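**Q** Sending over a structure as structure tokens; questions will come in a sec.
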Amino acid sequence: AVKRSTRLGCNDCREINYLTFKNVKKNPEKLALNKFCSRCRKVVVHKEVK
Amino acid sequence: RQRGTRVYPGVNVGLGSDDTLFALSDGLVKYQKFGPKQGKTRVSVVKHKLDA
Amino acid sequence: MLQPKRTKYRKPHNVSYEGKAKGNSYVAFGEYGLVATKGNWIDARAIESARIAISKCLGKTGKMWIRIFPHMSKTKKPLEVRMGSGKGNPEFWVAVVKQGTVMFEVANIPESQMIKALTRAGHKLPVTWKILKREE
Amino acid sequence: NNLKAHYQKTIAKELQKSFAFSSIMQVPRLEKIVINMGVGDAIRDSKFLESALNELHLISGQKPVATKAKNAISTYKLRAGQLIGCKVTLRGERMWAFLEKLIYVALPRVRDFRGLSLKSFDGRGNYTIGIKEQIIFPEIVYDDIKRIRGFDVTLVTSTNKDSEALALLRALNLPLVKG
Amino acid sequence: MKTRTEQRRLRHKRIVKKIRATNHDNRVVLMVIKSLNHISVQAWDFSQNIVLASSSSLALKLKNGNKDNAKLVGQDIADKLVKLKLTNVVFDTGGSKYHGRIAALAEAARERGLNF
Amino acid sequence: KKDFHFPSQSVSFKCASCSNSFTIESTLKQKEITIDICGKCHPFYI
RNA sequence: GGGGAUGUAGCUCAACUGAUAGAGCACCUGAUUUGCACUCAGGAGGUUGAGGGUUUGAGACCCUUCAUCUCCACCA
RNA sequence: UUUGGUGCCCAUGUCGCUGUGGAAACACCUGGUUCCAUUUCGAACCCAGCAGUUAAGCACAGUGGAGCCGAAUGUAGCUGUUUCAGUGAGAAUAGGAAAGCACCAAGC
RNA sequence: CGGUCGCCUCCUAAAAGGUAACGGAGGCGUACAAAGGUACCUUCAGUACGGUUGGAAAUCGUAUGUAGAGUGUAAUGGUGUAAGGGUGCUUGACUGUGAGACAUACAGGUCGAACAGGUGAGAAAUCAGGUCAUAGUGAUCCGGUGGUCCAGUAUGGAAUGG
RNA sequence: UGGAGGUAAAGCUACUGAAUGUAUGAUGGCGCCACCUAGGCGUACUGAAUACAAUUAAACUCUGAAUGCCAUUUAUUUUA
Ligand SMILES: [Mg+2]
Ligand SMILES: [Mg+2]
Ligand SMILES: [Mg+2]
Ligand SMILES: [Mg+2]
Ligand SMILES: [Mg+2]
Ligand SMILES: [Mg+2]
Ligand SMILES: [Mg+2]
Ligand SMILES: [Mg+2]
Ligand SMILES: [Mg+2]
Ligand SMILES: [Mg+2]
Ligand SMILES: [Mg+2]
Ligand SMILES: [Mg+2]
Ligand SMILES: [Mg+2]
Ligand SMILES: [Zn+2]
Ligand SMILES: [Zn+2]
């Protein structure tokens, strides 16, 4: 199988809380979305984590 | 349950991510033919409407 | 040799010949016709024999029509092969003739040869044939 | 435009009497002059297309929108999503200005403006003018694209009959042979 | 390709279909129709398919087509709706972009006790 | 639409033989550009 | 899963440790024989694997990656 | 009752042809200086006004041309029992058909 | 010996669902930071006519045409103001859950009203817990990584676990 | 009594293929014209367009049952 999955971690508590998909070949730039965080209990920026 | 909407939804009837029709309120289900040349099917949930 | 130019599916299910007559039931191009009395599978090979017979016993101005056409194919497993390992390959094409379908019709020549011509066409075919005329 | 007022009075009066037109707006009215100088060289020399736009701009005063094909062709090396052709549609005051500038300045500078008519209406009342070369237009400097092309100026009208469209053309004195 | 009225009807059909699909609380439907001269408004109820309240430039006797009289029309229709004891409404246009006269009518209706 | 760098300014046009000062909007020099062949200077029109 | 090292003309390679990229081969030209090669010399062929960080000074030092290699590990 | 708006309907509601109409309204129309807009065009959308207008659209009357609908009889398939009793199509036909049902505002 | 071994679509499958054969035809082990979400606007392919390069067929204008167009894909079903195309703003491709149902030997799978938290679009109503829908997937054991309000073999840690 | 369906049948101007025969026959079509290359036209014609009249299909449907299925109403029966 192919591995197009990636992990998204918060940028305040630096915890990884989400699992999504990304094409490294097509999209070269790291994702920087903003989603809800269970720890901080608010919306905050989540960045790609190795 | 269907693949593609073979029966349209009416009142008190919802839609899903698999084009599955589910009820939204209590009542008796009832089919009504509609559309050009009566070729379209529609489902609804006529509420109990007991109304004393 | 009448033959379909192409088919979507090489190996279709066989088509039954039991039943009455769906289409091609009444002479509508000529005015005398060879009707069938027993549904059966007759192949494209029999058509040329019957057609060649009619053509050989025709004249210089007679005209003929072939209604039925061998659309559907049939297969035949090679000899000494046990059943399985898929369906056989199509071998010969047969036209489905039901009881009451007008197969051949003739016109534009005197009465005696046409009766004789239809007779020789029907002796080349397995079905039990009969002569009919056109309603005025 | 003063000639626009001339259009108003003259088209109304002449056409109405010429056909006993029962309403002032029964007379024909011209709608839009589309210009389309399109080339497939943008598939390879894209730069070329860019220069085109500015010249088209310089011709009409409206910036041209570059159009894209709705299909893909291998022999022309064409593919969907590419820009091949610009179209400009003039209305209001600017459309009559360009028409007048064309018939009075651009057209008589044409090398051999012998004209073509009667065999040009599309059957619905329209009219297309196929220009062969761009340098002849006064509003163009000698420096231009390495390739020279023409234009496809077209016309529209309120009426649907080509004969009545010809009547407007004659009333406007659009200079063609016998038409 | 068409005339303005047909496009407005097309937009009007879209809005009515969406509202009839999603209006679950059976709110009254405040349809405003703007013309070249005047703009009118009617509060239909898609469950009973009748008109409960109405207001129009013709009813109010005004040289309408201005943003000023749109405020008066909204006040009258909102006053009528309050007397009818209906305050939970859905506001849709006749198929025209929500702006100018339509926006003035809607804001006038909201400031006179309506909930939308 | 507006807010453009190429302004359509009303320039007048003269011609030889017949003066015929035609005033037309264009994005060129705001001066008397001389045309050598105008409409009236053409064998076809007259 | 780590640890190290390598990446430079089209190819094969020096790497010109910061006070501002070179050689053989590939190719063009010249000479060069009765002809073919051979032979000699010029020219051309370099955005230093890529991005970021620091000094006045880095392809060159630091960080990050990409591809390659050799090692180890390598009981779902 | 008529005009205008709208919901329900989804051609027996269409497409087209021939005429008539506007009092109020519907519309074209007059301009882009304002709010707003063009992948570019006040074309459209949005403004503020009704000078002109019955071509349009729109509304009425006629039009059986195209499209649509379609009776009864009979027949093909079915259920039983018969080798006859029901059930009864499709196609074809006589033919119908120039929409209909409600709500609101105005002169009626 | 050759062929096949999991999942998806059609026919056989006998107008509910289900139904086999080494029966007849095909695909899949994905793709998209937009092809998601929202608001607004907008609607075929082809053909006819007229027009420089330009040609049977590139683009333009107009008409006709009721889907033969598009809907990433193998088929089926759906969908022509839509679920197709464009633009603006965004990341709901959320957290904790979940009454009630479909289908099932089990294990698993599918739809989902509604509640609380905090968001996106929108004037608002409303919509958003990934895409028009159905393939795009592998149990347990074992070990590794991050967090952690749990344990820490006398006690405090640590090791080692949860 | 209500509903879902798309089979039997039937039909192919209501699609997708197969495809009888024919109405006229555009065009392509041979020769002749006409031209060096296309045509008009006698073309021993073929072929479009549309049609008429007739056909075929498990993977064709503008249609289209009965039986069967689900639910409900009434009567009766059994504690499964
Ligand atoms: Mg009139
Ligand atoms: Mg084996
Ligand atoms: Mg079944
Ligand atoms: Mg069954
Ligand atoms: Mg598909
Ligand atoms: Mg979007
Ligand atoms: Mg989508
Ligand atoms: Mg183990
Ligand atoms: Mg201890
Ligand atoms: Mg111890
Ligand atoms: Mg059958
Ligand atoms: Mg057919
Ligand atoms: Mg069938
Ligand atoms: Zn956090
Ligand atoms: Zn002159």
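Residues are named by chain letter and number: chains run A, B, ... in the order of the structure tokens, numbers start at 1 in each chain, and ligands are numbered from 1 in the order shown.
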Report as a ChimeraX atom specification which protein, DNA and RNA residues come within 10 Å of ligand 9, using only C-alpha atoms (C1' of nucleotides) and all ligand atoms.
**A** /I:152-158
**Q** Those same residues - C-alpha atoms (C1' of nucleotides) - I'd like them written as a PDB file, in the first residue's frame.
**A**
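Writing done, so here's selection-v6.pdb:
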```pdb
ATOM      1  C1'   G I 152       5.993   2.789  41.149  1.00  0.00           C
ATOM      2  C1'   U I 153       6.965  -4.661  45.039  1.00  0.00           C
ATOM      3  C1'   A I 154       9.561  -1.275  53.023  1.00  0.00           C
ATOM      4  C1'   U I 155       9.906   4.417  52.106  1.00  0.00           C
ATOM      5  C1'   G I 156      11.686   8.747  48.062  1.00  0.00           C
ATOM      6  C1'   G I 157      12.776   8.268  43.069  1.00  0.00           C
ATOM      7  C1'   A I 158      14.065   5.495  38.955  1.00  0.00           C
TER       8        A I 158
END
```
**Q** Write out, as JSON lines, each residue of chain I that has an atom at most 9 Å from chain C, together with the closest pair of atoms and their distance in Å to one decimal, counting only C-alpha atoms (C1' of nucleotides), rows going by chain and rising number.
**A**
```
{"residue": "I:3", "atom": "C1'", "partner": "C:85", "partner_atom": "CA", "distance": 8.4}
{"residue": "I:12", "atom": "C1'", "partner": "C:13", "partner_atom": "CA", "distance": 8.8}
{"residue": "I:21", "atom": "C1'", "partner": "C:84", "partner_atom": "CA", "distance": 8.9}
{"residue": "I:22", "atom": "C1'", "partner": "C:85", "partner_atom": "CA", "distance": 4.5}
{"residue": "I:23", "atom": "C1'", "partner": "C:86", "partner_atom": "CA", "distance": 7.0}
{"residue": "I:24", "atom": "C1'", "partner": "C:11", "partner_atom": "CA", "distance": 7.0}
{"residue": "I:25", "atom": "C1'", "partner": "C:9", "partner_atom": "CA", "distance": 8.3}
```
**Q** Quick one: residues within 12 Å of ligand 3, with only C-alpha atoms (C1' of nucleotides) and all ligand atoms, as a PyMOL selection string?
**A** (chain I and resi 13-19) or (chain J and resi 5-7+68-69)
**Q** Would you save the residues of that selection, restricted to N, CA and C atoms (P, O5', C5', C4', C3', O3' and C1' of nucleotides), as a PDB file, in the first residue's frame?
**A**
```pdb
ATOM      1  P     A I  13     -31.984 -16.886 -14.599  1.00  0.00           P
ATOM      2  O5'   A I  13     -32.185 -15.840 -13.414  1.00  0.00           O
ATOM      3  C5'   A I  13     -33.095 -14.751 -13.533  1.00  0.00           C
ATOM      4  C4'   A I  13     -33.214 -13.991 -12.236  1.00  0.00           C
ATOM      5  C3'   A I  13     -32.827 -12.516 -12.298  1.00  0.00           C
ATOM      6  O3'   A I  13     -33.622 -11.774 -11.371  1.00  0.00           O
ATOM      7  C1'   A I  13     -31.422 -13.627 -10.765  1.00  0.00           C
ATOM      8  P     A I  14     -35.029 -11.145 -11.831  1.00  0.00           P
ATOM      9  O5'   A I  14     -35.968 -12.408 -12.079  1.00  0.00           O
ATOM     10  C5'   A I  14     -36.833 -12.458 -13.203  1.00  0.00           C
ATOM     11  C4'   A I  14     -37.745 -13.660 -13.167  1.00  0.00           C
ATOM     12  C3'   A I  14     -38.532 -13.870 -11.886  1.00  0.00           C
ATOM     13  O3'   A I  14     -39.674 -13.036 -11.814  1.00  0.00           O
ATOM     14  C1'   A I  14     -37.648 -15.940 -12.658  1.00  0.00           C
ATOM     15  P     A I  15     -40.042 -12.269 -10.452  1.00  0.00           P
ATOM     16  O5'   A I  15     -39.232 -10.902 -10.564  1.00  0.00           O
ATOM     17  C5'   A I  15     -39.355 -10.082 -11.716  1.00  0.00           C
ATOM     18  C4'   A I  15     -39.297  -8.618 -11.364  1.00  0.00           C
ATOM     19  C3'   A I  15     -40.002  -8.224 -10.075  1.00  0.00           C
ATOM     20  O3'   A I  15     -39.204  -8.440  -8.925  1.00  0.00           O
ATOM     21  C1'   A I  15     -40.701  -6.789 -11.802  1.00  0.00           C
ATOM     22  P     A I  16     -39.866  -9.027  -7.583  1.00  0.00           P
ATOM     23  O5'   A I  16     -39.193  -8.178  -6.417  1.00  0.00           O
ATOM     24  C5'   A I  16     -39.363  -6.771  -6.346  1.00  0.00           C
ATOM     25  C4'   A I  16     -39.167  -6.261  -4.940  1.00  0.00           C
ATOM     26  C3'   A I  16     -37.851  -6.637  -4.276  1.00  0.00           C
ATOM     27  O3'   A I  16     -36.786  -5.780  -4.646  1.00  0.00           O
ATOM     28  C1'   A I  16     -39.637  -7.066  -2.786  1.00  0.00           C
ATOM     29  P     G I  17     -35.425  -6.388  -5.249  1.00  0.00           P
ATOM     30  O5'   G I  17     -34.682  -6.997  -3.979  1.00  0.00           O
ATOM     31  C5'   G I  17     -34.186  -6.155  -2.949  1.00  0.00           C
ATOM     32  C4'   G I  17     -33.885  -6.944  -1.701  1.00  0.00           C
ATOM     33  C3'   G I  17     -32.920  -8.106  -1.876  1.00  0.00           C
ATOM     34  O3'   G I  17     -31.561  -7.707  -1.824  1.00  0.00           O
ATOM     35  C1'   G I  17     -34.831  -8.850  -0.711  1.00  0.00           C
ATOM     36  P     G I  18     -30.483  -8.378  -2.808  1.00  0.00           P
ATOM     37  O5'   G I  18     -30.396  -9.887  -2.310  1.00  0.00           O
ATOM     38  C5'   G I  18     -29.818 -10.213  -1.055  1.00  0.00           C
ATOM     39  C4'   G I  18     -30.043 -11.664  -0.718  1.00  0.00           C
ATOM     40  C3'   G I  18     -29.517 -12.661  -1.743  1.00  0.00           C
ATOM     41  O3'   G I  18     -28.146 -12.963  -1.560  1.00  0.00           O
ATOM     42  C1'   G I  18     -31.761 -13.183  -1.220  1.00  0.00           C
ATOM     43  P     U I  19     -27.181 -13.129  -2.834  1.00  0.00           P
ATOM     44  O5'   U I  19     -27.571 -14.547  -3.450  1.00  0.00           O
ATOM     45  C5'   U I  19     -27.470 -15.734  -2.678  1.00  0.00           C
ATOM     46  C4'   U I  19     -28.083 -16.909  -3.397  1.00  0.00           C
ATOM     47  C3'   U I  19     -27.628 -17.103  -4.837  1.00  0.00           C
ATOM     48  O3'   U I  19     -26.405 -17.812  -4.935  1.00  0.00           O
ATOM     49  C1'   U I  19     -29.990 -17.226  -4.726  1.00  0.00           C
TER      50        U I  19
ATOM     51  P     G J   5     -40.513   1.791  -7.794  1.00  0.00           P
ATOM     52  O5'   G J   5     -40.078   0.337  -8.275  1.00  0.00           O
ATOM     53  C5'   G J   5     -38.980  -0.336  -7.671  1.00  0.00           C
ATOM     54  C4'   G J   5     -38.929  -1.788  -8.078  1.00  0.00           C
ATOM     55  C3'   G J   5     -38.800  -2.031  -9.581  1.00  0.00           C
ATOM     56  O3'   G J   5     -37.958  -3.159  -9.809  1.00  0.00           O
ATOM     57  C1'   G J   5     -40.773  -3.065  -8.774  1.00  0.00           C
ATOM     58  P     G J   6     -36.574  -2.966 -10.599  1.00  0.00           P
ATOM     59  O5'   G J   6     -36.948  -3.286 -12.113  1.00  0.00           O
ATOM     60  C5'   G J   6     -37.071  -4.629 -12.564  1.00  0.00           C
ATOM     61  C4'   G J   6     -38.037  -4.756 -13.715  1.00  0.00           C
ATOM     62  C3'   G J   6     -37.501  -4.305 -15.073  1.00  0.00           C
ATOM     63  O3'   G J   6     -38.089  -5.109 -16.090  1.00  0.00           O
ATOM     64  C1'   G J   6     -39.401  -3.023 -14.513  1.00  0.00           C
ATOM     65  P     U J   7     -37.191  -5.671 -17.297  1.00  0.00           P
ATOM     66  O5'   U J   7     -37.593  -7.208 -17.363  1.00  0.00           O
ATOM     67  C5'   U J   7     -36.938  -8.161 -16.540  1.00  0.00           C
ATOM     68  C4'   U J   7     -37.842  -9.322 -16.224  1.00  0.00           C
ATOM     69  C3'   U J   7     -38.757  -9.769 -17.351  1.00  0.00           C
ATOM     70  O3'   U J   7     -38.101 -10.608 -18.285  1.00  0.00           O
ATOM     71  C1'   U J   7     -40.005  -9.574 -15.350  1.00  0.00           C
ATOM     72  P     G J  68     -50.335 -14.738  -5.351  1.00  0.00           P
ATOM     73  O5'   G J  68     -48.825 -14.371  -5.004  1.00  0.00           O
ATOM     74  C5'   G J  68     -47.850 -15.389  -4.823  1.00  0.00           C
ATOM     75  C4'   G J  68     -46.454 -14.820  -4.809  1.00  0.00           C
ATOM     76  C3'   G J  68     -46.129 -13.888  -3.652  1.00  0.00           C
ATOM     77  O3'   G J  68     -45.779 -14.586  -2.469  1.00  0.00           O
ATOM     78  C1'   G J  68     -45.449 -12.884  -5.674  1.00  0.00           C
ATOM     79  P     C J  69     -46.102 -13.955  -1.026  1.00  0.00           P
ATOM     80  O5'   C J  69     -45.225 -12.628  -0.978  1.00  0.00           O
ATOM     81  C5'   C J  69     -43.811 -12.690  -0.851  1.00  0.00           C
ATOM     82  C4'   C J  69     -43.223 -11.316  -0.659  1.00  0.00           C
ATOM     83  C3'   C J  69     -43.800 -10.513   0.495  1.00  0.00           C
ATOM     84  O3'   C J  69     -43.229 -10.855   1.747  1.00  0.00           O
ATOM     85  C1'   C J  69     -43.694  -9.159  -1.448  1.00  0.00           C
TER      86        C J  69
END
```
**Q** Among chain F, which ones does DSSP place in strand (DSSP E or B), written as an NGL selection string?
**A** :F and (9-15 or 22-26 or 33-35)
**Q** So that I have them on file, write out the residues from the current selection with C-alpha atoms, as an mmCIF file, in the first residue's frame.
**A**
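New file result-v8.cif:
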```
data_model
loop_
_atom_site.group_PDB
_atom_site.id
_atom_site.type_symbol
_atom_site.label_atom_id
_atom_site.label_comp_id
_atom_site.auth_asym_id
_atom_site.auth_seq_id
_atom_site.Cartn_x
_atom_site.Cartn_y
_atom_site.Cartn_z
ATOM 1 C CA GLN F 9 -9.408 61.108 -24.803
ATOM 2 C CA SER F 10 -11.425 62.922 -27.473
ATOM 3 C CA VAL F 11 -8.868 63.587 -30.233
ATOM 4 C CA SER F 12 -9.787 65.486 -33.420
ATOM 5 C CA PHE F 13 -8.734 64.147 -36.830
ATOM 6 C CA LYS F 14 -7.916 66.202 -39.949
ATOM 7 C CA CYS F 15 -7.160 64.892 -43.439
ATOM 8 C CA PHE F 22 -13.550 64.158 -37.062
ATOM 9 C CA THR F 23 -13.431 64.076 -33.258
ATOM 10 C CA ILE F 24 -13.050 60.519 -31.947
ATOM 11 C CA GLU F 25 -12.168 59.032 -28.563
ATOM 12 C CA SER F 26 -8.807 57.257 -28.544
ATOM 13 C CA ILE F 33 -2.792 63.468 -35.860
ATOM 14 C CA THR F 34 -3.012 63.881 -39.625
ATOM 15 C CA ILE F 35 -4.537 61.097 -41.707
#
```
**Q** Would you mind reading off the distance between CA of residue 3 (chain C) and CA of residue 92 (chain C), one decimal, in Å?
**A**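 CA of residue 3 (chain C) sits 9.8 Å away from CA of residue 92 (chain C).
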**Q** As a quick test: using only C-alpha atoms (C1' of nucleotides) and all ligand atoms, which residues lie no more than 7 Å away from ligand 15? Give them as a CSV table (one decimal) with N, CA and C atoms, in the first residue's frame.
**A**
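The new file pocket.csv reads:
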```
chain,number,residue,atom,x,y,z
F,15,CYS,N,-7.6,65.6,-42.3
F,15,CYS,CA,-7.2,64.9,-43.4
F,15,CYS,C,-6.7,65.9,-44.5
F,16,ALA,N,-5.9,65.4,-45.5
F,16,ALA,CA,-5.5,66.2,-46.6
F,16,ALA,C,-6.7,66.4,-47.6
F,17,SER,N,-6.6,67.4,-48.4
F,17,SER,CA,-7.6,67.7,-49.4
F,17,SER,C,-8.9,68.2,-48.7
F,18,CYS,N,-9.6,67.2,-48.1
F,18,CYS,CA,-10.7,67.6,-47.2
F,18,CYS,C,-10.3,67.6,-45.8
F,19,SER,N,-10.5,68.7,-45.1
F,19,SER,CA,-10.1,68.9,-43.7
F,19,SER,C,-10.8,67.9,-42.8
F,20,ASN,N,-12.2,68.0,-42.8
F,20,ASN,CA,-13.0,67.0,-42.1
F,20,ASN,C,-12.5,66.6,-40.7
F,36,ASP,N,-3.8,60.6,-44.0
F,36,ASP,CA,-3.5,60.9,-45.4
F,36,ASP,C,-4.6,60.5,-46.3
F,37,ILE,N,-5.3,59.4,-45.9
F,37,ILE,CA,-6.5,58.9,-46.6
F,37,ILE,C,-7.6,58.8,-45.6
F,38,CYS,N,-8.6,59.7,-45.7
F,38,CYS,CA,-9.7,59.6,-44.8
F,38,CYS,C,-10.9,58.9,-45.6
F,39,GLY,N,-12.1,58.9,-45.0
F,39,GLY,CA,-13.2,58.4,-45.8
F,39,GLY,C,-13.5,59.2,-47.0
F,40,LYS,N,-13.5,60.5,-46.9
F,40,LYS,CA,-13.9,61.3,-48.1
F,40,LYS,C,-12.8,61.3,-49.2
F,41,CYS,N,-11.6,60.9,-48.8
F,41,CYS,CA,-10.5,60.8,-49.7
F,41,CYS,C,-10.3,59.3,-50.1
```
**Q** Can you write out as JSON lines which residues of chain I fall within 9 Å of ligand 6, alongside each residue's closest atom pair and its distance in Å to one decimal, counting only C-alpha atoms (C1' of nucleotides) and all ligand atoms and ordering rows by chain and ascending residue number?
**A**
```
{"residue": "I:34", "atom": "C1'", "partner": "ligand 6", "partner_atom_place_in_ligand_line": "1 (Mg)", "distance": 8.5}
{"residue": "I:36", "atom": "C1'", "partner": "ligand 6", "partner_atom_place_in_ligand_line": "1 (Mg)", "distance": 8.9}
{"residue": "I:37", "atom": "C1'", "partner": "ligand 6", "partner_atom_place_in_ligand_line": "1 (Mg)", "distance": 8.4}
{"residue": "I:38", "atom": "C1'", "partner": "ligand 6", "partner_atom_place_in_ligand_line": "1 (Mg)", "distance": 8.2}
{"residue": "I:87", "atom": "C1'", "partner": "ligand 6", "partner_atom_place_in_ligand_line": "1 (Mg)", "distance": 7.9}
{"residue": "I:88", "atom": "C1'", "partner": "ligand 6", "partner_atom_place_in_ligand_line": "1 (Mg)", "distance": 8.4}
```
**Q** Okay, now the selection with C-alpha atoms (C1' of nucleotides), as a PDB file, in the first residue's frame?
**A**
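This went into out.pdb:
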```pdb
ATOM      1  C1'   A I  34      -9.243  21.598  -3.987  1.00  0.00           C
ATOM      2  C1'   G I  36     -14.024  19.772   0.737  1.00  0.00           C
ATOM      3  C1'   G I  37     -17.643  23.704   3.368  1.00  0.00           C
ATOM      4  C1'   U I  38     -20.531  28.060   2.524  1.00  0.00           C
ATOM      5  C1'   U I  87     -15.886  33.775  -8.275  1.00  0.00           C
ATOM      6  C1'   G I  88     -15.278  35.542  -2.887  1.00  0.00           C
TER       7        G I  88
END
```
**Q** Which residues come within 8 Å of region 113-124 of chain C, counting only C-alpha atoms (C1' of nucleotides), excluding same-chain residues fewer than 3 positions away, as a ChimeraX atom specification?
**A** /C:32-34,46,49-51,53-54,57-58,104-107,109-110,127-129,131
**Q** May I have the residues from that selection written out with N, CA and C atoms, as a compact mmCIF listing (two decimals), in the first residue's frame?
**A**
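Heads up, here's the output in part.txt:
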```txt
# COMPACT_ATOMS: atom_id res chain seq x y z
N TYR C 32 -47.06 -13.43 -52.10
CA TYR C 32 -47.08 -14.82 -51.66
C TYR C 32 -45.93 -15.07 -50.69
N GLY C 33 -46.16 -15.92 -49.70
CA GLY C 33 -45.19 -16.08 -48.62
C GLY C 33 -45.14 -17.50 -48.09
N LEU C 34 -43.97 -17.86 -47.55
CA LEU C 34 -43.71 -19.17 -46.96
C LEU C 34 -43.73 -19.02 -45.44
N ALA C 46 -28.56 -22.64 -44.00
CA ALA C 46 -29.83 -23.01 -44.63
C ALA C 46 -30.43 -21.85 -45.41
N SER C 49 -28.94 -21.80 -48.95
CA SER C 49 -29.49 -22.89 -49.75
C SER C 49 -30.91 -22.56 -50.20
N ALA C 50 -31.75 -22.09 -49.28
CA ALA C 50 -33.12 -21.76 -49.67
C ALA C 50 -33.13 -20.58 -50.63
N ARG C 51 -32.30 -19.56 -50.35
CA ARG C 51 -32.22 -18.39 -51.22
C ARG C 51 -31.67 -18.75 -52.60
N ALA C 53 -31.82 -21.71 -53.99
CA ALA C 53 -32.85 -22.49 -54.66
C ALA C 53 -33.89 -21.57 -55.30
N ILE C 54 -34.36 -20.57 -54.55
CA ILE C 54 -35.34 -19.64 -55.09
C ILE C 54 -34.75 -18.90 -56.29
N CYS C 57 -34.47 -21.14 -59.44
CA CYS C 57 -35.78 -21.38 -60.03
C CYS C 57 -36.56 -20.11 -60.30
N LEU C 58 -35.98 -18.94 -60.05
CA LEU C 58 -36.63 -17.69 -60.41
C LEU C 58 -36.42 -17.41 -61.90
N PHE C 104 -39.80 -16.28 -46.36
CA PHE C 104 -39.54 -15.83 -47.72
C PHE C 104 -40.84 -15.41 -48.37
N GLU C 105 -40.75 -14.40 -49.24
CA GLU C 105 -41.88 -13.98 -50.06
C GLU C 105 -41.42 -13.69 -51.49
N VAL C 106 -42.33 -13.88 -52.44
CA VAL C 106 -42.04 -13.70 -53.86
C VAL C 106 -43.16 -12.91 -54.51
N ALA C 107 -42.83 -12.22 -55.60
CA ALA C 107 -43.83 -11.50 -56.39
C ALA C 107 -43.28 -11.23 -57.78
N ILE C 109 -44.10 -12.51 -60.93
CA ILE C 109 -43.97 -13.65 -61.84
C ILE C 109 -45.19 -14.57 -61.71
N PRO C 110 -45.53 -15.36 -62.74
CA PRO C 110 -46.79 -16.13 -62.74
C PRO C 110 -46.91 -17.10 -61.57
N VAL C 127 -38.23 -26.76 -40.76
CA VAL C 127 -39.57 -26.42 -40.32
C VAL C 127 -40.61 -26.87 -41.35
N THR C 128 -41.83 -27.14 -40.87
CA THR C 128 -42.95 -27.51 -41.72
C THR C 128 -43.58 -26.24 -42.29
N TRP C 129 -43.45 -26.05 -43.60
CA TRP C 129 -43.82 -24.80 -44.25
C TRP C 129 -45.25 -24.86 -44.77
N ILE C 131 -47.98 -22.34 -47.60
CA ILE C 131 -48.13 -21.21 -48.51
C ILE C 131 -49.29 -20.32 -48.08
```
**Q** Please identify the residues whose atoms come within 8 Å of ligand 1, using only C-alpha atoms (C1' of nucleotides) and all ligand atoms, and report them as a PyMOL selection string.
**A** chain H and resi 20-21+54-55
**Q** Please find the residues of chain I near chain B - the criterion being any atom within 6 Å, counting only C-alpha atoms (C1' of nucleotides) - and write them as number ranges by chain.
**A** I: 77-78, 133
**Q** Please identify all protein, DNA and RNA residues within 9 Å of ligand 12, counting only C-alpha atoms (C1' of nucleotides) and all ligand atoms, and report them as a VMD selection string.
**A** chain J and resid 12 15 to 19 56 60
**Q** Got a sec: who's within 8 Å of residue 101 (chain E), counting only C-alpha atoms (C1' of nucleotides), leaving out chain neighbours fewer than 5 positions off, as a PDB file with N, CA and C atoms, in the first residue's frame?
**A**
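And here is the file that came out, selection-v8.pdb:
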```pdb
ATOM      1  N   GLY E  65     -39.992  53.072  -6.265  1.00  0.00           N
ATOM      2  CA  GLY E  65     -38.724  52.928  -6.955  1.00  0.00           C
ATOM      3  C   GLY E  65     -37.569  53.667  -6.322  1.00  0.00           C
ATOM      4  N   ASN E  66     -37.704  54.082  -5.066  1.00  0.00           N
ATOM      5  CA  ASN E  66     -36.677  54.794  -4.327  1.00  0.00           C
ATOM      6  C   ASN E  66     -36.384  54.046  -3.033  1.00  0.00           C
ATOM      7  N   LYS E  67     -35.179  54.249  -2.492  1.00  0.00           N
ATOM      8  CA  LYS E  67     -34.866  53.649  -1.200  1.00  0.00           C
ATOM      9  C   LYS E  67     -35.659  54.270  -0.058  1.00  0.00           C
ATOM     10  N   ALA E  70     -39.084  52.444   0.381  1.00  0.00           N
ATOM     11  CA  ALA E  70     -38.884  51.060   0.799  1.00  0.00           C
ATOM     12  C   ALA E  70     -38.929  50.929   2.317  1.00  0.00           C
TER      13      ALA E  70
END
```
**Q** Write out as a PyMOL selection string which residues come within 6 Å of region 121-138 of chain D when counting only C-alpha atoms (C1' of nucleotides), dropping same-chain ones fewer than 4 positions away.
**A** (chain D and resi 106+149-156+160-162+165) or (chain I and resi 49-52)
